[PDB]
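Worksheet for the structure shown next.
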Amino acid sequence: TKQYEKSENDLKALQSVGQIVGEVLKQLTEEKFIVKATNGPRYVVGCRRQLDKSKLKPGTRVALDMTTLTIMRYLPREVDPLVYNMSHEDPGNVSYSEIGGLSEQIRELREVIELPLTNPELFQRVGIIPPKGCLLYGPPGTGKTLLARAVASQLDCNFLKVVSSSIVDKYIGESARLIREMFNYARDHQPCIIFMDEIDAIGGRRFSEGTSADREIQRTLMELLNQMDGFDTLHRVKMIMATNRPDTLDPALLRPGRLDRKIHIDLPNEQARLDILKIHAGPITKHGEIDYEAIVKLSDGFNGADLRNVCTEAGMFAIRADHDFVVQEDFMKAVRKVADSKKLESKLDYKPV
Amino acid sequence: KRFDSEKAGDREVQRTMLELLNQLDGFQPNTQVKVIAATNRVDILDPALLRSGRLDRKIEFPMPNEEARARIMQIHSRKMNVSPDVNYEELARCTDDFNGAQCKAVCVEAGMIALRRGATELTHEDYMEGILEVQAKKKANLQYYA
Amino acid sequence: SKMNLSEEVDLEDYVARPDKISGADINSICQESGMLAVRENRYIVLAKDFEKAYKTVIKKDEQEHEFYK
Ligand SMILES: Nc1ncnc2c1ncn2[C@@H]1O[C@H](COP(=O)(O)OP(=O)(O)OP(=O)(O)O)[C@@H](O)[C@H]1O
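Chains as they are written, first to last, in our numbering: chain A, 1 to 353; chain B, 1 to 146; chain C, 1 to 69.
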């Protein structure tokens with residue numbers, strides 16, 4: 001029962017008041033150390049006898065006391081968006097080769113990513129600069145989020161994710177230090193891979209500057225433009241971006257450097273649609289008599305999200321008939337009808353609104 | 001999303017709606033708690049909305065049928081006390097292209113006919129009254145012209 | 001001058017046919033020609049890999065002699 005006495009004595013040590021944290025700036029002398037608290041005041045204070053030479057550091061966060069503001073222990077500094085960035089997930093592996101097309105985009109994205117990791121020798125011996133970035137835009141077909149994130153999730157602890165909602169951040173919020181942090185940790189984990197999706201809102205041009213909120217978009221831009229075209233070495237880390245249209249990217253992003261390789265997604269083709277139907281027919285049960293050319297021919301110019309989810313819509317029409325294994329006749333009904341209904345809903349392609 | 005930028009006043013939400021498409025893309029738990037959406041017009045529609053997680057069933061509701069406009073307005077008028085001898089034949093055919101809200105405009109109008117009102121509705125002309133109120137009535141026709 | 005030569009790639013044609021489609025083809029667009037050299041898969045980048053980046057662009061037309069026309 002002495003564990004209670006042990007537990008309460010540990011809570012007696014909890015009577016010790018907590019301290020405050022700050023960032024070291026410089027040092028005037030041994031008895032005065034410039035430290036900037038997270039609030040922004042800067043103090044020059046002494047120190048106690050329990051610390052070492054590793055406490056000083058070149059501008060690293062420290063914990064200031066609440067009385068004399070002296071430093072107790074030092075800890076590594078992070079603003080910690082990254083743990084939130086690593087909270088993503090995705091199956092595959094397999095989903096790499098499941099899309100089926102285009103075969104040239106399947107093989108190339110495997111090279112520019114994996115080859116610099118395993119074989120740097122080809123770059124240094126031939127004397128060529130490997131691509132440090134890439135651009136995958138849409139939606140002329142699917143595979144943007146599927147193929148890129150598959151290698152991401154398979155690369156495990158080495159990856160960086162960016163959602164377009166985190167750039168605006170909060171009122172009078174600072175995303176300029178996020179752009180510098182995103183590329184700072186990109187230079188830590190190697191090779192790092194960064195995904196930026198739906199940049200049309202956060203890629204704001206400075207031609208027409210609305211209200212007070214367009215400039216803070218330009219600030220996040222110029223922070224991206226500086227480090228991607230640096231002057232700061234990104235050669236080992238790979239970057240990826242995504243957008244609906246490259247209208248607002250400006251000559252800065254449309255240029256090479258910051259955006260290196262722009263690979264346009266291609267819609268599924270009758271030859272390639274035969275492969276994507278094989279992977280769709282796996283999870284769904286079918287009748288013993290099935291023809292893959294029937295579904296491929298009846299559905300043309302449809303994205304992979306259209307084909308899959310309508311093939312599940314065919315299963316929802318199949319459960320309307322309660323049959324477990326269903327012939328493709330009931331499928332071709334639900335596949336053609338529901339898909340042709342989707343075509344009269346959204347205008348594009350080809351006509352803009 | 002319009003065409004050019006910047007900027008739209010709701011652009012913060014038009015990015016969040018596309019973030020919802022990202023939540024329906026990369027986040028598997030978003031397959032739970034189905035969300036229902038409704039719009040007034042499809043004039044502006046995002047092509048990226050196609051998915052099971054994203055907009056899947058999209059229904060075009062046209063102007064209700066003449067028999068449909070009579071059924072929806074009868075369910076609304078079942079509570080009120082109406083004068084007898086309602087054939088339902090003329091009121092259904094007199095309803096053409098009219099929206100369901102304009103049908104309740106006649107239903108809400110049909111609830112005022114009890115007391116006086118004081119204008120004399122009598123009977124069987126009640127439905128065709130507020131039916132013409134929005135798009136009719138001449139007047140002209142001819143005058144000042146041929 | 002930076003690439004090892006060991007040429008294996010024609011330095012003649014690049015001053016003729018791509019020179020007509022040059023401009024632009026500005027600056028780091030030539031780095032993409034070097035960034036398209038990772039397509040190989042070969043001991044030395046093929047002559048078509050540099051030209052593939054120079055032909056696309058994804059620009060013009062057509063144009064010049066057709067404008068005269
Ligand atoms: N060929 C496919 N096979 C399996 N699933 C697919 C396929 N294409 C799309 N999907 C599903 O659709 C979702 C979105 O994929 P992706 O980002 O590649 O297309 P998208 O950009 O959403 O297309 P759109 O913009 O036309 O909706 C993914 O979560 C994926 O599960």
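Every residue gets a Cβ at the ideal spot worked out from N, C-alpha and C, and that includes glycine.
Can you list the residues of chain A that residue i reaches, using a CB-CB cut of under 9 Å?
i               : result
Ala47 (chain C) : Neighbours of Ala47 (chain C) on chain A: none; closest Cβ ~15 Å, over 9 Å.
Check residue i in the structure and name its three-state DSSP category.
i                : result
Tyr350 (chain A) : coil
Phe183 (chain A) : helix
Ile20 (chain A)  : strand
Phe331 (chain A) : helix
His124 (chain B) : coil
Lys36 (chain A)  : strand
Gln143 (chain B) : coil
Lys286 (chain A) : coil
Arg61 (chain A)  : strand
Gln50 (chain A)  : coil
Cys94 (chain B)  : coil
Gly315 (chain A) : helix
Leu249 (chain A) : coil
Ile217 (chain A) : helix
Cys192 (chain A) : coil
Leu135 (chain A) : strand
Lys137 (chain B) : coil
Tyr43 (chain C)  : coil
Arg42 (chain A)  : strand
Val112 (chain A) : helix
If we define contact as Cβ-Cβ less than 9 Å, is residue i a contact residue for chain C?
i                : result
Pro81 (chain A)  : no
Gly127 (chain A) : yes
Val112 (chain A) : yes
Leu115 (chain A) : yes
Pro131 (chain A) : yes
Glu121 (chain A) : no
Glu293 (chain A) : no
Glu78 (chain A)  : no
At 9 Å on the CB atoms, spell out the chain B contacts of residue i, in chain order.
i                : result
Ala213 (chain A) : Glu6, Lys7, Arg11 and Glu12
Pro139 (chain A) : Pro47, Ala48 and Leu50
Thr220 (chain A) : Result: empty, since nearest Cβ-Cβ is about 13 Å, beyond 9 Å.
Could you tell me whether any Cβ in chain B is nearer than 9 Å to the Cβ of residue i?
i                : result
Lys347 (chain A) : yes
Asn309 (chain A) : yes
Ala318 (chain A) : no
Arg187 (chain A) : no
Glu270 (chain A) : no
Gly204 (chain A) : yes
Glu223 (chain A) : no
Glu30 (chain A)  : no
Report yes or no: is there a C-beta of chain A within less than 9 Å of the C-beta of residue i?
i               : result
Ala38 (chain B) : no
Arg39 (chain C) : yes
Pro64 (chain B) : no
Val82 (chain B) : no
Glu60 (chain B) : yes
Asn30 (chain B) : no
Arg54 (chain B) : yes
If the cut is a Cβ gap below 8 Å, which residues of chain A does residue i touch?
i               : result
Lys2 (chain C)  : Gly127
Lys1 (chain B)  : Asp200 and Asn244
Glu19 (chain B) : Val163, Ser164, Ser165 and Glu198
What in chain B is Cβ-close to residue i, meaning under 7 Å?
i                : result
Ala201 (chain A) : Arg11, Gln14 and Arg15
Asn303 (chain A) : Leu50
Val353 (chain A) : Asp43 and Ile44
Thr145 (chain A) : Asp25 and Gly26
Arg149 (chain A) : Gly26
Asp306 (chain A) : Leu50
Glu209 (chain A) : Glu6
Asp300 (chain A) : Here the premise fails: no neighbours, minimum Cβ distance about 15 Å.
Closer than 8 Å by beta-carbon distance: list the chain B residues that pair up with residue i, in chain order.
i                : result
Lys342 (chain A) : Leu50 and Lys58
When every heavy atom of ligand 3 is checked, does at least one fall within less than 8 Å of the C-beta of residue i?
i               : result
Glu98 (chain A) : In terms of ligand content, the structure shown lacks ligand 3 and carries ligand 1 instead.
Item checked: Contacting positions in the segment 244-262 of chain A - beta carbon closer than 7 Å to chain C -> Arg255, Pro256, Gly257, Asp260 and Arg261
Next item on the list: Count the CB pairs spanning the segment 69-86 of chain B and the segment 144-164 of chain A that are closer than 8 Å, and state whether there are at least three.
Entry: no
Notebook entry, point to check: Between the segment 20-36 of chain C and chain A, which residues of the former have CB atoms less than 9 Å from a CB of the latter, in chain order?
Noted result: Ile26, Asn27, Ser28, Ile29, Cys30, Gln31, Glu32, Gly34, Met35 and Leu36
Note to self: Across the segment 177-193 of chain A and the segment 118-131 of chain A, are there enough close Cβ pairs to call them in contact, namely three or more that are closer than 8 Å?
What the structure shows: no
Note to self: Does the contact criterion of 3 or more C-beta pairs under 8 Å hold for the segment 66-81 of chain A versus the segment 39-51 of chain A?
What the structure shows: yes
Next item on the list: Indicate whether the contact test is met: 3 or more Cβ pairs, each with one atom in the segment 220-231 of chain A and one in the segment 143-152 of chain A, closer than 8 Å.
Entry: no
Check: Per the contact definition of three or more C-beta pairs closer than 8 Å, is the segment 213-226 of chain A in contact with the segment 266-275 of chain A?
Finding: no
Check: Counting Cβ pairs closer than 8 Å, one from the segment 192-204 of chain A and one from the segment 237-249 of chain A, do we hit at least three?
Finding: yes
Next item on the list: Could you list the residues in the segment 152-168 of chain A with a C-beta less than 7 Å from some C-beta on chain B, going in chain order?
Entry: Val163, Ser164, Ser165 and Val168
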